[PDB]
Amino acid sequence: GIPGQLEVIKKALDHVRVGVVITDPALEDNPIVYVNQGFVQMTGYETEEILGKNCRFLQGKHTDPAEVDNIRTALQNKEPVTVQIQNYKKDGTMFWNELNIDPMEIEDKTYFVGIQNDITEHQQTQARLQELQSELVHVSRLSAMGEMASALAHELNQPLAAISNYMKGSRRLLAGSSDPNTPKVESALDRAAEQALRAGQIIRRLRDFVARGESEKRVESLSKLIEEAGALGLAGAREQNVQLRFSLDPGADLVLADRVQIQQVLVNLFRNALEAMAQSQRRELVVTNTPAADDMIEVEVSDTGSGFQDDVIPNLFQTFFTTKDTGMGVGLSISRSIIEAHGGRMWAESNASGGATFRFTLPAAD
Amino acid sequence: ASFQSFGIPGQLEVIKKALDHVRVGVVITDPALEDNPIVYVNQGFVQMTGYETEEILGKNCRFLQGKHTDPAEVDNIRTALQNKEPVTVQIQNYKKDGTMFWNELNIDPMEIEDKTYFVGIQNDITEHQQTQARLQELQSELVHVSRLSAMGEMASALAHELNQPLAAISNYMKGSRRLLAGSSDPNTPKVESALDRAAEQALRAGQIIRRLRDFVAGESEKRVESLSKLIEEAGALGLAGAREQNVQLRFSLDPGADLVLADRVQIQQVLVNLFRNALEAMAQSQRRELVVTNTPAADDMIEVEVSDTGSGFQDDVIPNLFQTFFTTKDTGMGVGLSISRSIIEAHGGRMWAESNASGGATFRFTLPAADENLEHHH
Ligand SMILES: Cc1cc2nc3c(=O)[nH]c(=O)nc-3n(C[C@H](O)[C@H](O)[C@H](O)COP(=O)(O)O)c2cc1C
Ligand SMILES: Cc1cc2nc3c(=O)[nH]c(=O)nc-3n(C[C@H](O)[C@H](O)[C@H](O)COP(=O)(O)O)c2cc1C
Ligand SMILES: Nc1ncnc2c1ncn2[C@@H]1O[C@H](COP(=O)(O)OP(=O)(O)O)[C@@H](O)[C@H]1O
């Protein structure tokens, strides 16, 4: 019968996850007379702390008072109104409330039904999309320059190959020479050939690093990728009189990772450390790996550079945060997302020399 | 008898209407009836699926399933219901018009008195899944582009790295030639000739490496600048070698179409890049002539032209049919031109490329004039 039918739909209402309230405007200050379990879960308030209150109790410091005015106006004219608004859970947490209110007429009596949607997650995701799109535009000039470097490097292969052929041909001809100086010319040529090979390796590394590529997680040696990242990222270090120390542990060497991504994380720490040590009297860079909890391996990169002022540390990883006049402030933000996608954490601290120490973790392999 | 809210039928109507304002899909089924038919459905479900209430009531909800519905996740539901268990699946369903949508389905048993009902909550999350896929594409794109930009930040250090083995090679072969001097072996001149060709290739290599520093910065700020001064300074850097290459320089600069709003350093970089490209383009060429002019243009701009008689830009640039735009190819020079164009556009101007009668290249760009009227002055 009609009761029983009522009981069925009320229980169904408590299973919808959106918040549902009904207010009775014939009662002083338009109080909530019905609330479903969805609104309870959403707001953190118990039913007894909701029923009999006007809905404005969800409002707080950063609630837009003009969108509040939009609500009040719509209700005075018994008009429907949709609004996205700042509300507050019982524990004080802000949520974004997408509010939909409609007048209802039952037996010639007006009620208002409110449907509330917590869209905080939705707004976070949208903000993240906008932010990613913005970071891409932010680094586009530098990325073009990286493309130009890769392309010029590739073009460099051609005269190098020609130099090799000329030296190879020359060695052929010198084979028939009995001149006393002929061994010395051959030595010079071999040494030149070594240099051609080393120039070739620099090009190879640059080009492998910028390639779009496969993106698989695989068993990788930390020793190997630290040296690979160092070859790229630590250029100029010897000339800057920076003392490099890689203190590695062979028992903690294999991780599960996309090696180029871990390389780019290390390249960024290295370039940042060299920049931070530019005006430093002592210049020492230490890289260390150790076993860590939950079958992880922790990598530490420490420098003796200008380090971190007291207010700085909790901003380091924030997108666009930089202390440099020409900074982008994306490097650390991108690195942390790579590390978290590999299942680890990345963090920073001041060290005892007044410089900076960065740590990250990756899962150990077998 | 009871007034309005105080009464049962009034209450039923109020809650019925409330449920119809819930935009989520809500269905109630009755498992005591054959094949567990739907006995209640809200307007939310009507809106979501495209079916009217009359086309829903009395059916088993599997009627939304179709071609690419996962039988695994269907079986998961079937099992869970037989054991009166809550269940959530994300499943593929189809609207009345055949459109596929992603249905996040929450199903719970309800007891009203001693009777079991099932309540199903449906959410179309198709757009949510798309936003997630897009987010992952952008993240992945950023991670890649980020490696490129790390290398871009290191452009100058990369040049320094590459310069060392090249300089060593040149010295080894200069030293070798001295050692060969006065050898009486008849193959010696063939060796010397090869060493010299190799010395030339080493220099070519150095020219290529030097281009890495074309756009290396410093913070940029625009000021009133003299085009003629900019052109002169860029000439001294980029055209040193024109005499030895026997390139004729013909500069028709207009005093009084001279002042622009510009970043001195960036604009010099654009000019030096054009000047170097023009020299390279005119090596192995017949007529060797470089023309630079500046001229008032529309919308308060000044237009600069750099024309050569070289072999053309077809390896580095693809101009559109109207020669109002160009697409850069994946070469050192092509990417350099795209950086130059980006610098000009950040100055408010345009850069473009035309063929000329020599079969060479003409590049043109605009910068805002520091004075609001020329060109209506002739
Ligand atoms: C059915 C209904 C639901 C409402 N839900 C909310 C809500 O979830 N959050 C909120 O801040 N205000 C909500 N309001 C609005 C407040 O109750 C009040 O109308 C608003 O603050 C404007 O009135 P005022 O200027 O007197 O505060 C709701 C109003 C109605 C009628
Ligand atoms: C309350 C309720 C709501 C349901 N909603 C859907 C739905 O929206 N889409 C769907 O494909 N199946 C839905 N189902 C599941 C189907 O009715 C059916 O249980 C499923 O196909 C498994 O049973 P079967 O293998 O006999 O077809 C729902 C089931 C219940 C009890
Ligand atoms: N090794 C380091 N020593 C001191 N400060 C650092 C170091 N690495 C990063 N930082 C600080 O973190 C900020 C953000 O760095 P990052 O995200 O790589 O972007 P950017 O280098 O463009 O600023 C830097 O501007 C600097 O303030």
# chains A, B, ... in the order shown; residues from 1 in each chain; ligands from 1

call {"tool": "interface_residues", "arguments": {"of": "chain B", "to": "chain A", "cutoff": "6 Å", "atoms": "only C-alpha atoms", "output": "list in words"}}
result
residues 12, 147, 148, 149, 151, 152, 165, 169, 172, 176, 191, 194, 198, 201, 205, 212, 331, 332 and 335 of chain B

call {"tool": "write_last_selection", "arguments": {"atoms": "N, CA and C atoms", "output": "PDB file, in the first residue's frame"}}
result
ATOM      1  N   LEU B  12       4.671  10.847   0.422  1.00  0.00           N
ATOM      2  CA  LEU B  12       5.004   9.995  -0.707  1.00  0.00           C
ATOM      3  C   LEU B  12       5.258  10.869  -1.933  1.00  0.00           C
ATOM      4  N   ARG B 147      62.484  16.333 -21.162  1.00  0.00           N
ATOM      5  CA  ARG B 147      63.855  15.893 -21.468  1.00  0.00           C
ATOM      6  C   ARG B 147      64.448  16.801 -22.525  1.00  0.00           C
ATOM      7  N   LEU B 148      63.659  17.091 -23.550  1.00  0.00           N
ATOM      8  CA  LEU B 148      64.062  18.082 -24.538  1.00  0.00           C
ATOM      9  C   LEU B 148      64.434  19.422 -23.899  1.00  0.00           C
ATOM     10  N   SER B 149      63.619  19.908 -22.968  1.00  0.00           N
ATOM     11  CA  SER B 149      63.888  21.232 -22.403  1.00  0.00           C
ATOM     12  C   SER B 149      65.086  21.216 -21.438  1.00  0.00           C
ATOM     13  N   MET B 151      67.705  19.493 -22.078  1.00  0.00           N
ATOM     14  CA  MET B 151      68.815  19.572 -23.014  1.00  0.00           C
ATOM     15  C   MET B 151      68.946  20.976 -23.585  1.00  0.00           C
ATOM     16  N   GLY B 152      67.809  21.633 -23.800  1.00  0.00           N
ATOM     17  CA  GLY B 152      67.795  23.007 -24.272  1.00  0.00           C
ATOM     18  C   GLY B 152      68.466  23.954 -23.277  1.00  0.00           C
ATOM     19  N   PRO B 165      86.596  17.313 -28.193  1.00  0.00           N
ATOM     20  CA  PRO B 165      87.155  16.272 -29.070  1.00  0.00           C
ATOM     21  C   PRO B 165      87.419  16.764 -30.500  1.00  0.00           C
ATOM     22  N   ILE B 169      90.995  16.616 -32.408  1.00  0.00           N
ATOM     23  CA  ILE B 169      91.140  16.033 -33.743  1.00  0.00           C
ATOM     24  C   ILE B 169      91.899  16.964 -34.695  1.00  0.00           C
ATOM     25  N   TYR B 172      95.539  17.069 -33.682  1.00  0.00           N
ATOM     26  CA  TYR B 172      96.228  15.826 -34.036  1.00  0.00           C
ATOM     27  C   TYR B 172      96.583  15.812 -35.507  1.00  0.00           C
ATOM     28  N   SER B 176     100.202  15.986 -37.342  1.00  0.00           N
ATOM     29  CA  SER B 176     100.555  14.932 -38.286  1.00  0.00           C
ATOM     30  C   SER B 176     101.163  15.487 -39.570  1.00  0.00           C
ATOM     31  N   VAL B 191      98.392  11.354 -48.603  1.00  0.00           N
ATOM     32  CA  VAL B 191      98.088  11.377 -47.176  1.00  0.00           C
ATOM     33  C   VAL B 191      97.785  12.803 -46.733  1.00  0.00           C
ATOM     34  N   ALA B 194      94.401  13.951 -47.890  1.00  0.00           N
ATOM     35  CA  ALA B 194      93.367  13.390 -47.036  1.00  0.00           C
ATOM     36  C   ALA B 194      93.323  14.084 -45.669  1.00  0.00           C
ATOM     37  N   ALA B 198      90.181  16.274 -44.169  1.00  0.00           N
ATOM     38  CA  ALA B 198      89.704  15.972 -42.827  1.00  0.00           C
ATOM     39  C   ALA B 198      89.748  17.208 -41.927  1.00  0.00           C
ATOM     40  N   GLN B 201      86.688  19.157 -42.740  1.00  0.00           N
ATOM     41  CA  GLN B 201      85.507  18.563 -42.116  1.00  0.00           C
ATOM     42  C   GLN B 201      85.450  18.860 -40.620  1.00  0.00           C
ATOM     43  N   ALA B 205      82.458  20.784 -38.782  1.00  0.00           N
ATOM     44  CA  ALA B 205      81.910  20.293 -37.510  1.00  0.00           C
ATOM     45  C   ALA B 205      81.801  21.402 -36.443  1.00  0.00           C
ATOM     46  N   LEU B 212      74.648  25.749 -31.755  1.00  0.00           N
ATOM     47  CA  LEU B 212      73.990  25.410 -30.493  1.00  0.00           C
ATOM     48  C   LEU B 212      73.784  26.642 -29.614  1.00  0.00           C
ATOM     49  N   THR B 331      65.296  19.912 -39.004  1.00  0.00           N
ATOM     50  CA  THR B 331      66.727  20.114 -39.176  1.00  0.00           C
ATOM     51  C   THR B 331      67.183  21.154 -38.180  1.00  0.00           C
ATOM     52  N   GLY B 332      68.490  21.238 -37.978  1.00  0.00           N
ATOM     53  CA  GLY B 332      69.054  22.243 -37.097  1.00  0.00           C
ATOM     54  C   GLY B 332      68.551  23.619 -37.479  1.00  0.00           C
ATOM     55  N   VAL B 335      64.539  24.030 -37.007  1.00  0.00           N
ATOM     56  CA  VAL B 335      64.149  24.298 -35.630  1.00  0.00           C
ATOM     57  C   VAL B 335      64.585  25.703 -35.189  1.00  0.00           C
TER      58      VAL B 335
END

call {"tool": "residues_near_ligand", "arguments": {"ligand": "ligand 1", "cutoff": "7 Å", "atoms": "only C-alpha atoms and all ligand atoms", "output": "compact mmCIF listing (two decimals) with N, CA, C and O atoms, in the first residue's frame"}}
result
# COMPACT_ATOMS: atom_id res chain seq x y z
N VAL A 21 18.40 17.40 0.23
CA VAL A 21 17.61 18.01 1.31
C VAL A 21 16.26 18.53 0.80
O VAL A 21 16.12 18.90 -0.36
N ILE A 22 15.27 18.54 1.69
CA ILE A 22 14.02 19.23 1.42
C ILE A 22 13.80 20.25 2.52
O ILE A 22 13.94 19.92 3.72
N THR A 23 13.48 21.48 2.12
CA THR A 23 13.16 22.53 3.08
C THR A 23 11.69 22.89 3.03
O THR A 23 11.03 22.72 2.00
N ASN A 30 13.00 28.75 6.74
CA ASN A 30 13.15 27.72 5.70
C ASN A 30 14.02 26.51 6.08
O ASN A 30 15.01 26.21 5.40
N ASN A 54 18.53 25.93 8.78
CA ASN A 54 18.63 26.48 7.44
C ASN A 54 19.96 25.99 6.83
O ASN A 54 20.96 25.89 7.55
N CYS A 55 19.99 25.73 5.53
CA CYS A 55 21.16 25.18 4.83
C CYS A 55 22.40 26.07 4.85
O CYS A 55 23.49 25.63 4.50
N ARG A 56 22.23 27.34 5.20
CA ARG A 56 23.37 28.26 5.16
C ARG A 56 24.48 27.88 6.15
O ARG A 56 25.58 28.44 6.09
N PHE A 57 24.22 26.93 7.04
CA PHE A 57 25.21 26.54 8.06
C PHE A 57 26.46 25.88 7.47
O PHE A 57 27.47 25.74 8.15
N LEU A 58 26.37 25.46 6.21
CA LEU A 58 27.49 24.86 5.51
C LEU A 58 28.47 25.91 5.01
O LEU A 58 29.56 25.58 4.55
N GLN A 59 28.08 27.17 5.11
CA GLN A 59 28.87 28.28 4.57
C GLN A 59 29.98 28.72 5.52
O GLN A 59 29.90 28.49 6.74
N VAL A 68 25.68 33.62 -3.03
CA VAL A 68 24.69 33.48 -1.97
C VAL A 68 23.48 34.36 -2.26
O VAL A 68 22.33 33.96 -2.06
N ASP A 69 23.75 35.56 -2.76
CA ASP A 69 22.70 36.49 -3.16
C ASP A 69 21.89 35.92 -4.32
O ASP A 69 20.68 36.11 -4.39
N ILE A 71 21.25 32.79 -4.82
CA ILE A 71 20.36 31.81 -4.23
C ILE A 71 19.15 32.50 -3.61
O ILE A 71 18.01 32.19 -3.95
N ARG A 72 19.41 33.45 -2.70
CA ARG A 72 18.34 34.12 -1.96
C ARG A 72 17.32 34.76 -2.89
O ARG A 72 16.11 34.75 -2.62
N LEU A 75 15.09 32.08 -4.67
CA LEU A 75 14.10 31.49 -3.77
C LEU A 75 12.94 32.44 -3.47
O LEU A 75 11.79 32.01 -3.36
N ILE A 85 29.48 26.42 -5.20
CA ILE A 85 29.72 27.24 -4.01
C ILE A 85 30.68 26.60 -2.99
O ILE A 85 30.80 25.37 -2.90
N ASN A 87 31.62 25.37 0.51
CA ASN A 87 30.98 24.95 1.75
C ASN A 87 32.01 24.26 2.62
O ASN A 87 33.15 24.05 2.20
N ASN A 97 30.67 22.65 -3.61
CA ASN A 97 29.30 22.17 -3.65
C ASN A 97 28.63 22.68 -4.91
O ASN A 97 28.40 23.89 -5.04
N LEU A 99 25.36 23.03 -6.33
CA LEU A 99 24.05 23.07 -5.73
C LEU A 99 22.97 23.26 -6.79
O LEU A 99 23.06 24.16 -7.63
N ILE A 101 18.82 23.73 -6.88
CA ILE A 101 17.61 23.90 -6.09
C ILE A 101 16.39 24.09 -6.98
O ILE A 101 16.44 24.85 -7.95
N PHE A 112 11.17 23.29 -1.21
CA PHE A 112 12.37 23.36 -2.03
C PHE A 112 13.15 22.06 -1.88
O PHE A 112 13.33 21.55 -0.75
N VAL A 113 13.58 21.52 -3.01
CA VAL A 113 14.46 20.35 -2.97
C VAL A 113 15.85 20.80 -3.39
O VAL A 113 16.02 21.53 -4.37
N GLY A 114 16.84 20.37 -2.61
CA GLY A 114 18.22 20.70 -2.90
C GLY A 114 19.00 19.44 -3.20
O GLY A 114 18.93 18.45 -2.45
N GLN A 116 22.87 18.28 -3.74
CA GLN A 116 24.24 18.74 -3.56
C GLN A 116 25.23 17.73 -4.12
O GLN A 116 25.13 16.53 -3.85

call {"tool": "residues_near_ligand", "arguments": {"ligand": "ligand 2", "cutoff": "9 Å", "atoms": "only C-alpha atoms and all ligand atoms", "output": "MDAnalysis selection string"}}
result
chainID B and resid 25:31 35:38 45 59:66 69 71 73:81 91:94 103:109 117:123

call {"tool": "residues_near_ligand", "arguments": {"ligand": "ligand 3", "cutoff": "10 Å", "atoms": "only C-alpha atoms and all ligand atoms", "output": "ChimeraX atom specification"}}
result
/A:265,268-277,285,301-309,312-336,348-350,354-358 /B:150,153

call {"tool": "residues_around", "arguments": {"residues": "residue 217 in chain A", "least_positions_apart": "5", "cutoff": "9 Å", "atoms": "only C-alpha atoms", "output": "ChimeraX atom specification"}}
result
/A:256-259,342

call {"tool": "residues_around", "arguments": {"residues": "range 338-341 of chain B", "least_positions_apart": "6", "cutoff": "12 Å", "atoms": "only C-alpha atoms", "output": "MDAnalysis selection string"}}
result
(chainID A and resid 140:148) or (chainID B and resid 152 214:216 266:274 316:318 325:332 347:353 363:367)

call {"tool": "write_last_selection", "arguments": {"atoms": "N, CA and C atoms", "output": "compact mmCIF listing (two decimals), in the first residue's frame"}}
result
# COMPACT_ATOMS: atom_id res chain seq x y z
N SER A 140 58.07 25.35 -23.86
CA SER A 140 58.13 25.12 -25.29
C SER A 140 59.37 25.73 -25.99
N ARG A 141 59.82 26.90 -25.55
CA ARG A 141 61.02 27.53 -26.11
C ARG A 141 62.26 26.69 -25.81
N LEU A 142 62.43 26.30 -24.55
CA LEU A 142 63.53 25.41 -24.19
C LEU A 142 63.45 24.04 -24.84
N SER A 143 62.25 23.51 -25.01
CA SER A 143 62.14 22.21 -25.67
C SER A 143 62.48 22.34 -27.16
N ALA A 144 62.06 23.42 -27.80
CA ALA A 144 62.50 23.66 -29.18
C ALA A 144 64.04 23.67 -29.26
N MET A 145 64.68 24.35 -28.31
CA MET A 145 66.14 24.41 -28.28
C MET A 145 66.77 23.03 -28.09
N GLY A 146 66.12 22.19 -27.31
CA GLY A 146 66.57 20.82 -27.13
C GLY A 146 66.44 20.07 -28.44
N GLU A 147 65.36 20.31 -29.18
CA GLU A 147 65.17 19.70 -30.49
C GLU A 147 66.27 20.16 -31.46
N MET A 148 66.57 21.45 -31.42
CA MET A 148 67.61 22.00 -32.27
C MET A 148 68.96 21.39 -31.93
N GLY B 152 67.81 21.63 -23.80
CA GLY B 152 67.79 23.01 -24.27
C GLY B 152 68.47 23.95 -23.28
N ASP B 214 73.10 29.72 -30.69
CA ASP B 214 72.31 30.72 -31.42
C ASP B 214 71.32 31.50 -30.53
N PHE B 215 70.69 30.81 -29.58
CA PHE B 215 69.61 31.43 -28.80
C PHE B 215 69.81 31.34 -27.30
N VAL B 216 71.06 31.19 -26.88
CA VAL B 216 71.37 31.11 -25.47
C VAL B 216 71.26 32.48 -24.79
N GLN B 266 67.64 39.37 -28.13
CA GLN B 266 66.86 38.43 -28.94
C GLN B 266 66.84 38.80 -30.41
N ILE B 267 66.69 40.10 -30.69
CA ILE B 267 66.59 40.53 -32.08
C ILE B 267 67.93 40.35 -32.79
N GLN B 268 69.02 40.67 -32.10
CA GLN B 268 70.34 40.32 -32.61
C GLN B 268 70.47 38.81 -32.88
N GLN B 269 69.90 37.98 -32.01
CA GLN B 269 69.95 36.53 -32.23
C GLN B 269 69.21 36.12 -33.50
N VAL B 270 68.01 36.68 -33.70
CA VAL B 270 67.25 36.43 -34.92
C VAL B 270 68.08 36.81 -36.17
N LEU B 271 68.68 37.99 -36.15
CA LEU B 271 69.47 38.49 -37.28
C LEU B 271 70.73 37.64 -37.53
N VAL B 272 71.45 37.31 -36.45
CA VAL B 272 72.65 36.50 -36.60
C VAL B 272 72.31 35.13 -37.20
N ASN B 273 71.22 34.53 -36.72
CA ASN B 273 70.70 33.27 -37.27
C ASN B 273 70.40 33.37 -38.77
N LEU B 274 69.68 34.42 -39.18
CA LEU B 274 69.39 34.63 -40.60
C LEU B 274 70.67 34.82 -41.43
N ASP B 316 64.68 22.91 -45.15
CA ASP B 316 64.47 23.36 -43.77
C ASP B 316 63.09 23.97 -43.56
N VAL B 317 62.46 24.37 -44.65
CA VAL B 317 61.22 25.11 -44.55
C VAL B 317 60.22 24.71 -45.64
N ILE B 318 58.95 24.60 -45.26
CA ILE B 318 57.88 24.41 -46.25
C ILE B 318 56.93 25.60 -46.22
N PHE B 325 53.10 31.97 -44.65
CA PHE B 325 53.38 31.15 -43.49
C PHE B 325 54.37 30.06 -43.90
N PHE B 326 55.15 29.56 -42.95
CA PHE B 326 56.01 28.42 -43.25
C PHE B 326 55.98 27.33 -42.18
N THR B 327 56.19 26.10 -42.62
CA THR B 327 56.30 25.00 -41.69
C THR B 327 57.77 24.58 -41.67
N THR B 328 58.34 24.51 -40.47
CA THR B 328 59.74 24.14 -40.34
C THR B 328 59.91 22.62 -40.30
N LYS B 329 60.96 22.14 -40.96
CA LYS B 329 61.29 20.72 -40.96
C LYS B 329 62.25 20.39 -39.81
N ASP B 330 62.51 19.11 -39.59
CA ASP B 330 63.28 18.67 -38.42
C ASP B 330 64.80 18.74 -38.62
N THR B 331 65.30 19.91 -39.00
CA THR B 331 66.73 20.11 -39.18
C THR B 331 67.18 21.15 -38.18
N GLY B 332 68.49 21.24 -37.98
CA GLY B 332 69.05 22.24 -37.10
C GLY B 332 68.55 23.62 -37.48
N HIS B 347 57.34 39.37 -29.78
CA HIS B 347 57.48 40.83 -29.93
C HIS B 347 56.26 41.46 -30.57
N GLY B 348 55.25 40.66 -30.87
CA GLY B 348 54.05 41.18 -31.52
C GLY B 348 54.07 41.14 -33.04
N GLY B 349 55.15 40.62 -33.63
CA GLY B 349 55.30 40.63 -35.08
C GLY B 349 55.03 39.30 -35.75
N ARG B 350 55.29 39.24 -37.05
CA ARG B 350 55.20 38.00 -37.81
C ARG B 350 56.52 37.76 -38.53
N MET B 351 56.84 36.50 -38.79
CA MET B 351 57.96 36.16 -39.63
C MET B 351 57.49 35.26 -40.77
N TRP B 352 57.98 35.49 -41.98
CA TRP B 352 57.63 34.58 -43.06
C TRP B 352 58.72 34.44 -44.12
N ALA B 353 58.45 33.59 -45.11
CA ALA B 353 59.49 33.18 -46.05
C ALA B 353 58.93 33.14 -47.45
N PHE B 363 63.75 36.06 -46.25
CA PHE B 363 63.02 36.04 -44.99
C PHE B 363 62.62 37.45 -44.63
N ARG B 364 61.41 37.59 -44.09
CA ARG B 364 60.90 38.87 -43.65
C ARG B 364 60.31 38.74 -42.25
N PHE B 365 60.52 39.76 -41.42
CA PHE B 365 59.83 39.80 -40.14
C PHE B 365 59.43 41.24 -39.79
N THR B 366 58.47 41.37 -38.88
CA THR B 366 58.04 42.68 -38.43
C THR B 366 58.25 42.87 -36.93
N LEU B 367 58.51 44.11 -36.54
CA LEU B 367 58.60 44.52 -35.15
C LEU B 367 57.77 45.79 -34.99

call {"tool": "atom_distance", "arguments": {"atom1": "CA of residue 213 in chain B", "atom2": "CA of residue 334 in chain B"}}
result
15.2 Å

call {"tool": "closest_residue", "arguments": {"among": "B:308, B:283, B:293, B:188", "to": "residue 244 in chain B", "atoms": "only C-alpha atoms"}}
result
B:283

call {"tool": "atom_distance", "arguments": {"atom1": "CA of residue 371 in chain B", "atom2": "CA of residue 346 in chain B"}}
result
19.1 Å

call {"tool": "select_by_dssp", "arguments": {"residues": "range 31-147 of chain B", "states": "alpha helix (DSSP H)", "output": "PyMOL selection string"}}
result
chain B and resi 43-49+71-82+126-147

call {"tool": "residues_around", "arguments": {"residues": "residue 296 in chain A", "least_positions_apart": "3", "cutoff": "7 Å", "atoms": "only C-alpha atoms", "output": "number ranges by chain"}}
result
A: 291-293, 361-364

call {"tool": "atom_distance", "arguments": {"atom1": "CA of residue 131 in chain B", "atom2": "CA of residue 88 in chain A"}}
result
26.6 Å

call {"tool": "residues_around", "arguments": {"residues": "residue 235 in chain B", "least_positions_apart": "5", "cutoff": "10 Å", "atoms": "only C-alpha atoms", "output": "number ranges by chain"}}
result
B: 229-230, 240, 242, 249, 268, 271-272, 275-276

call {"tool": "write_last_selection", "arguments": {"atoms": "N, CA, C and O atoms", "output": "compact mmCIF listing (two decimals), in the first residue's frame"}}
result
# COMPACT_ATOMS: atom_id res chain seq x y z
N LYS B 229 71.54 49.95 -35.70
CA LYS B 229 72.53 49.50 -34.71
C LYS B 229 72.44 47.99 -34.50
O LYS B 229 73.47 47.32 -34.43
N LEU B 230 71.23 47.45 -34.39
CA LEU B 230 71.05 46.01 -34.24
C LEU B 230 71.64 45.26 -35.43
O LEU B 230 72.34 44.26 -35.26
N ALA B 240 80.93 37.92 -40.32
CA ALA B 240 82.38 37.85 -40.35
C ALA B 240 82.74 36.57 -41.10
O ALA B 240 82.53 35.46 -40.60
N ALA B 242 82.02 36.75 -44.67
CA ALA B 242 81.45 37.14 -45.96
C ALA B 242 82.51 37.61 -46.96
O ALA B 242 82.36 37.40 -48.16
N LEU B 249 77.69 42.29 -49.79
CA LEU B 249 76.69 42.77 -48.85
C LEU B 249 76.09 44.10 -49.33
O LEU B 249 76.81 45.07 -49.57
N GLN B 268 69.02 40.67 -32.10
CA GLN B 268 70.34 40.32 -32.61
C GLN B 268 70.47 38.81 -32.88
O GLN B 268 71.07 38.41 -33.88
N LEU B 271 68.68 37.99 -36.15
CA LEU B 271 69.47 38.49 -37.28
C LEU B 271 70.73 37.64 -37.53
O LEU B 271 71.06 37.29 -38.67
N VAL B 272 71.45 37.31 -36.45
CA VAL B 272 72.65 36.50 -36.60
C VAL B 272 72.31 35.13 -37.20
O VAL B 272 73.01 34.64 -38.09
N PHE B 275 71.60 35.60 -40.89
CA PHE B 275 72.86 35.89 -41.57
C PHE B 275 73.71 34.64 -41.74
O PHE B 275 74.28 34.43 -42.81
N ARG B 276 73.82 33.83 -40.70
CA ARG B 276 74.57 32.58 -40.79
C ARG B 276 73.92 31.59 -41.76
O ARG B 276 74.60 30.97 -42.58

call {"tool": "closest_residue", "arguments": {"among": "A:298, A:239, A:340, A:253", "to": "residue 160 in chain B", "atoms": "only C-alpha atoms"}}
result
A:239

call {"tool": "residues_around", "arguments": {"residues": "residue 376 in chain B", "least_positions_apart": "3", "cutoff": "10 Å", "atoms": "only C-alpha atoms", "output": "ChimeraX atom specification"}}
result
/B:296-298,300,373

call {"tool": "closest_residue", "arguments": {"among": "B:173, B:168, B:32, B:87", "to": "residue 197 in chain B", "atoms": "only C-alpha atoms"}}
result
B:173
